[PDB]
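> part one of the assembly, not moved from where it sits:
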Amino acid sequence: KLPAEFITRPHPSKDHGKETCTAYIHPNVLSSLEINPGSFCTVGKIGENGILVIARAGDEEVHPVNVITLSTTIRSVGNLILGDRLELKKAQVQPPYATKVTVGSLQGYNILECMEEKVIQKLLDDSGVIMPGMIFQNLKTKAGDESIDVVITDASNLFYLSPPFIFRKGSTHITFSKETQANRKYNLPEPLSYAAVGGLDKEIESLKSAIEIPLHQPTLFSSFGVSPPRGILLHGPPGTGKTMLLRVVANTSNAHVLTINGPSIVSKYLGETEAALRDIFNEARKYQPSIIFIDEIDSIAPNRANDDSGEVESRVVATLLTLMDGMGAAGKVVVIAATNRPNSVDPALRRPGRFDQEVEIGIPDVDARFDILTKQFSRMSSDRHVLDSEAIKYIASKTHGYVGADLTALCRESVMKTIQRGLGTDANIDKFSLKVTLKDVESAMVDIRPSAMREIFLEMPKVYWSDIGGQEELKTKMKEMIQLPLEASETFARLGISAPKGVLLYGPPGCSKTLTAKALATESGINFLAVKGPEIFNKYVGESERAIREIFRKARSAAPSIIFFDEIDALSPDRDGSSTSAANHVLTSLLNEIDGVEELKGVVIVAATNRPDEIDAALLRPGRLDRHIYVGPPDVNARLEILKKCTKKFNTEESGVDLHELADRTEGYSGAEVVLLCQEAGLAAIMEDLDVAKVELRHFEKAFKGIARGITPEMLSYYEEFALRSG
């Protein structure tokens, strides 16, 4: 008999003896493959390149058939975390002598700082089979150094992960350096650490405590008269760093790790999926300091009140409950789960005694994004060129909605942009030499829209504020809501007020409401969602309200956002209430959501309507849409600006068409009519001659004689009465 994939454990000694590069193994494993004690053999994770080590027979009286025990030196090379499955194999080739080698420290010093070379020689002779990555730590210190470590940083591949060598004193030119990593050109795996996670400092502290105490100080807790926590539940929106924390916990917690990532346990055969959970938990008890990760727990522990849950899933939930309760004697196993939708987990698993402890991973704020970007950019400091922390703080300020995955994508796209630009100067430029100037991160932001916004497909032609002629008070009041609350948060805080977060734009048809919406989308800088009501309505009961909840949820997933309710009056029910069963629920849901964002959040709601007084008073009160602005017909200057914007590509100067006279003639026009006048003039010019160069006053006369004034005294009176409905 010969197991397929053996389990890693430590060889109990950590004195850095002669064994530091041996692999204690059960006799049958060596013999069945005809390996012998002292012979070299390969160890590696399933499907990866191998790691060379020295085989050695263990104590069959105690040592199980399935266990291969390695050294902290060997495990450093491949980042073998206690409990991963190894695909051991025999080896047939002897590596040469390490002609050139270097040794350093993970903590950044030179080994020339504390200890003489003799103990270094002895230690690296105990290694024997030299290769990069053999960290070893906790030696004696010649000085009173608070800590120490040593690492073989480089040396000079038969499906091997590291390039192995053999020690031969003197011939192997061993130098010494400040280096902490191993040579990247080898691409040995690198362990993650809590120093890479940024922004989540407090969550990290809580999780570190909750994992430190149960595994490594259980006896202490029990004296306080309560049983220890035994389940932790990480949750939050996708892309915030849960799985990263799970892998960092695996690397940093010196405990045996078992994983159930998704439905990796389900089986064809009727009973065997339960056997999988029971086996995992039994093996976690075998090596009592251990952690079991259940990532994407909702995929295997569904709610069962959601009747979509199958029999397999109910049987899995029942077994997992009886196991979690059955972690008897208050041992040292800790079960950490991660889920982006914790409410889909069966409540039986969140009861006290089950996953009672929960850590919420929130969306980064500006400071959190600054921390994440500083950490991510500190990994590339020699190629950075955005070295100013001011520049990184600018990028953090501009990246509204980025969640932590999006920031890493931003850095990746910045690398790509820098390569594109550099390679644009020479087809064979040294691509490794290019460095990431801020301009390239700014260019990358154009492509990397937040992942929370990928369900918002909108064409959105590009329109700037300068295109919206002569609405200056509207522009100022939109600044006040879109930019000032973000650039002046501290002044609001000290004054003790929240900025208004709703505005209603009303006015005659043609005046720039939707144009202001497009301008906000183009130049607000923050995320933009639009609901073209009555787009939300749906046949089935509850679907119309679920649409409002979903759009407000995505606006809440975007962090700073702008929900533009075009024709909001379509959602406000009718006066007579005739068959408005669905509409009433729609308006109540909309009000409940505007009240949900009313507290603690900074979403801004913009609404545009042509019938200002047919929308419910509950939806116009402050807290709901606060500000009302009358987007009225352009005055003389506004029409002059529109005429310039339109006729700029006409040769007006030589043509002699004086735009001021047009502005005088066009009194009463809406902006749409002023634009149509220019379009009609251009059509007249083109129809007169297909090779037009100039549009001249006869064409504008022709266009003018055909354009009506859609605005009437009645409409203007109505919109100037809406401001006075109170009396």
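Received it, and whenever you're ready, just let me know what you need. Numbering: from 1, shown residues only, chains lettered A, B, ... in the order given.

> please count neighbours and contacts with C-alpha atoms only from this point.
OK.

> so what touches stretch A:361-380?
A:195-200, A:203, A:234-237, A:240-242, A:384, A:389, A:392-393, A:396-397, A:402-404, A:407-408, A:411, A:559 (Cα atoms under 8 Å, 6 or more residues apart in numbering).

> buried subset of the residues you listed?
A:196-200, A:203, A:234-237, A:240-242, A:384, A:392-393, A:396-397, A:402-404, A:407-408, A:411, A:559 (16 or more other Cα atoms under 10 Å).

> about what we covered before: now, the contacts of stretch A:361-380 that are in helices?
Using DSSP state H, A:203, A:242, A:389, A:392-393, A:396-397, A:407-408, A:411 are the members of the contacts of stretch A:361-380 that sit in helices.

> ok, so of those, who is nearest residue A:189?
Ranked by distance to residue A:189 (Cα to Cα), the ones in helices among the contacts of stretch A:361-380 are led by residue A:408 at 19.0 Å.

> next up, the contacts around the closest one.
residue A:376.

> what about it, distance to residue A:440?
14 Å (Cα to Cα, to the nearest Å).

> how about residue A:477?
From residue A:477 to residue A:440 the distance is 33 Å (Cα to Cα).

> these two: who's more crowded?
Taking other Cα atoms under 10 Å, residue A:477 and residue A:440 do not tie; residue A:440 has more neighbours (22 against 13).

> what is the helix or strand hosting residue A:592 packed up against?
In this structure, residue A:592 sits in helix A:581-598 according to DSSP states H and E. Using 3 or more Cα pairs under 8 Å, 6 or more residues apart in numbering; DSSP states H and E, the elements in contact with helix A:581-598 are helix A:543-557.

> which helix or strand lies directly C-terminal to the helix it packs on?
strand A:562-566.

> residue A:605 is in contact with residue A:503, isn't it?
Yes - Residue A:605 is within contact range of residue A:503, at 6.4 Å (criterion: Cα atoms under 8 Å).

> shared neighbours of these two, anything?
Joint contacts of residue A:605 and residue A:503 (Cα under 8 Å, 6+ apart) are residue A:625.

> drop chain B onto that structure:
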Amino acid sequence: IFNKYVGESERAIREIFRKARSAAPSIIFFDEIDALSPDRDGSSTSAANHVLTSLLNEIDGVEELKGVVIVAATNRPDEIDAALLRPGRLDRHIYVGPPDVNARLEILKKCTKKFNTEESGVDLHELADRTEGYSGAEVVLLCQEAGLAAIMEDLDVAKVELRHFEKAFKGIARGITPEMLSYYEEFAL
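If we add chain B to the chains shown above, we get the following:
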């Protein structure tokens, strides 16, 4: 409480009362009760007034002084089906009208707390009377708008001043007197 599938709304209401049985004394709060009984009883009585049926059944089962009481709110009083206002059900009514001069001044004092109104000479007793007919939230809004007027003038503000309150006042509009002070005076009768 409303779901696409058949009968899931009824189950939800009965389950809400079931869970409500858990304690006493206890207030059940039906905000915007007018959107629980909007129609299908007075009109459009086709097949889907079950939610009203269930709620109006439950409202009777609760004992008169066992410990549970029920509070509701509405700004559309006549949209509430008369079935709910039958005595024994919900017949008691309290009017929450626009604040009087002294109430508005208390709101102003609270929401202008960190404004140095004393140093700037912003005499609240002028704002409290100028803001007559301002219904609650609008008194609060007038103070947010004053602050924004202050910040836009010179970011890094120390205090807000009367001219900012003038700018705020000139931009706020009130409610409808043929709908407010009416349709509630009538509902009082």
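
> tell me what angle the helix holding residue A:592 forms with helix A:543-557.
Interaxial angle, helix A:581-598 versus helix A:543-557 (axes from the mean of the first three to the mean of the last three Cα atoms, to 10 degrees): 20 degrees.

> what does the helix or strand just after helix A:581-598 rub up against?
Downstream of helix A:581-598, the next assigned helix or strand under DSSP H and E is strand A:604-609. Contact with strand A:604-609 is made by A:481-482, A:501-507, A:513-514, A:560-569, A:625, as judged by Cα atoms under 8 Å, 6 or more residues apart in numbering or on different chains.

> buried residues of the helix or strand following strand A:604-609, list them for me.
Remark: after strand A:604-609, the chain's next helix or strand is helix A:617-620, criterion DSSP H and E. For helix A:617-620, burial by neighbour count (16 or more other Cα atoms under 10 Å in any protein chain shown) applies to A:618-620.

> just put those in a markdown table and tack on distance to residue A:277.
Formatted as a markdown table, the buried residues of helix A:617-620 follow (distance: Cα to Cα, whole Å):
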| residue | distance to residue A:277 |
| --- | --- |
| A:618 | 54 |
| A:619 | 53 |
| A:620 | 56 |
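
> spell out which parts of the stretch 601-727 of chain A neighbour chain B.
For the stretch 601-727 of chain A, the contact set with chain B under Cα under 8 Å from any Cα of the partner chain comprises A:617, A:621-623, A:626-627, A:723-727.

> looking at the residues you listed, which is nearest chain B?
Closest to chain B out of those is residue A:726 (4.6 Å), distances taken as Cα to the nearest Cα.

> how about the contacts made by the closest one?
B:173-177.

> and it, backbone torsions?
phi -80, psi -20 (degrees, to the nearest 10).

> ok, the helix holding residue A:592 near chain B or not?
Yes - applying Cα under 8 Å from any Cα, one finds helix A:581-598 in contact with chain B at A:581, A:584-585, A:588.

> switch the residues you listed over to TSV; also include neighbour count.
Formatted as TSV, the residues of helix A:581-598 next to chain B follow (neighbours: other Cα atoms under 10 Å in any protein chain shown):
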residue	neighbour count
A:581	18
A:584	22
A:585	22
A:588	19
